[PDB]
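Have a look below at one chain only, the form deposited in one PDB entry, in structure tokens format.
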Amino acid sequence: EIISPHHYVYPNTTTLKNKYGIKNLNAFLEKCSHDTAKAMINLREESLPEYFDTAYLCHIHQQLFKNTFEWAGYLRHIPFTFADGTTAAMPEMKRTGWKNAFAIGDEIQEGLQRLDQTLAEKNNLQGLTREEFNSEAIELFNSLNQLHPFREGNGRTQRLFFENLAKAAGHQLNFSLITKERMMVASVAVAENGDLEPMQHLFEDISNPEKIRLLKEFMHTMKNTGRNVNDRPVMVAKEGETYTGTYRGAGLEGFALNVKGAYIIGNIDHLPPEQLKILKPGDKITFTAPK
């Protein structure tokens, strides 16, 4: 048809039409990644907006991808005509039938106008406790996660939207301290089970100052190591729960385990003083976080 999802990509490829003219997928992805890293640096320095609505969501997307996509500010249900003449739109997404689905067509607008509406009626979640803010914020995050408003680049723009929302609301949400892996698990959990717990967990680690400092310290130890932890899920141990794995060492404020490819961080004071002594890197340890 005249308006098609296939018009987003270069013919006989899967690599999105972009301002660099790069048809090769890996060449494009590197350039997109390099340029959008630069845009983040500047977006973080701009003043927080007076209103948190979809217009602001779009501004973040527009500013991140202004040098990459001609449709930088654009929601995916709106027909977009490129400089090349072809018109693109993707109201479907399409998963396999057995997977959970994203929004289709007019639902995008409905769902986005709904977010706009609740952030207006609740004054950007502004006069709230952490518990209240988080509880309301998770609902909106998940709602926006299933709307999948842009053809691409949802993750970054969504994380910045919510980090800035938190800050304006008198609270914190350091998504910087969350790997691409953890987000995915937490997202998939909501989409399939309706299980909020991994996201509740995620938001808690990222907002509770006592858990921020623990993660901050651990993420520092990854700097200049030559590694990438972004494939690996990192967490602070849930209260009450019991983890068992191999000891990756201690710091001033906290320590780290390895549990089936995942890094669980704990407060150093929650260790029995006497274990802390004779614990060399590699030791198998079981650890139950306290109340």
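One rule holds for the numbers: they count along the sequence shown, beginning at 1.
This protein has a second form, the form deposited in another entry, left out of what is shown; the following refers to that one.
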Query raised in the report: If one rigid piece of the chain rotates against another between this form and the one not shown, which among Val259, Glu204, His171, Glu136 sits on the hinge?
Result: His171
Query raised in the report: Shorter or longer C-alpha distance for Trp98 and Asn142 in that other deposited form, given it differs from this form by 3 Å or more?
Result: closer
Query raised in the report: What happens to the Cα distance from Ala39 to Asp231 in that other deposited form: does it get closer or farther than here, with a change of 3 angstroms or more?
Result: farther
